[PDB]
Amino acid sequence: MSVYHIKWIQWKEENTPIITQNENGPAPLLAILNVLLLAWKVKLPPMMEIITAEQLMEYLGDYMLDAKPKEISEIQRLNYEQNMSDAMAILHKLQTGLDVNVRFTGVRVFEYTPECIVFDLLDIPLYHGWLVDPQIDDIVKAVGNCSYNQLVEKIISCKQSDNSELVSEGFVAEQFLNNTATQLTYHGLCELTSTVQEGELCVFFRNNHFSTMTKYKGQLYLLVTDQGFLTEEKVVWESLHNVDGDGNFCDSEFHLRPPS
């Protein structure tokens, strides 16, 4: 079906593989597995240069079963089995695109949809940085505790209202969605930097894309996974310190890459 090239890098002094992306779509599956690979909880044969989506799907599902939790009461086991079935049923969507419904009040705040179950069973934190600026009470009131799916419905309803307060609440909430279209705000960056733990491997949602995220020396980094950098041994991590996408490229030991 689809094949992905593998990049071998020096992660914590050990040869470690990461999956690389060409076409748009497979970011959810690759962000989850690149976490498992960087954590050495899923290991590949040392020679493999290229892998298809089927073995990645099987490697993942193989780990979900080996990651079965202990000390679970019968209530937890029943709720676990129902969650495990539904997550496996939608597991194929990982390679085509995963549906997310954020709320703009916290980096860990999503709607608990079945596509969140995959991250729960693997204990992989899922983050976003799409946060409302709390110093602007206009937006805080207009957006409230709405999810994205609710806010677009509120804008449509407000845009045709006769209440002068409601038309302004929708206009402000519309202004917010357009100004923050890359799905990352500076308040999100500040909350992410202080929420993600040092050394934590997690998944990051931003601009309709999933990235593997970690924190080193207090700085957030995103795993470089585009095949344009497949031969660049010195381009492994990209720093996340602005909403402009102007990050610093770093090698596998988080050292700055010299311009060459």
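Each residue number is its position in the shown sequence, starting from 1.
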When the C-alpha temperature factors are averaged for each of 51 to 59 and 213 to 221, which stretch ends up with the higher value in the entry?
51 to 59
Greater mean Cα temperature factor according to the PDB record, 66 to 74 or 187 to 195:
66 to 74
Temperature factor at the Cα of residue 182, chain-ranked in thirds, falls in the lowest
Within this chain, which third does the Cα B-factor at residue 240 fall in: lowest, middle or highest?
lowest
Entry-reported C-alpha B-factor of residue 34 relative to its chain, by third, is middle
Third assignment of residue 166 from its chain's C-alpha B-factors
highest
Chain-wide C-alpha B factor ranking for residue 203, given as lowest, middle or highest third:
lowest
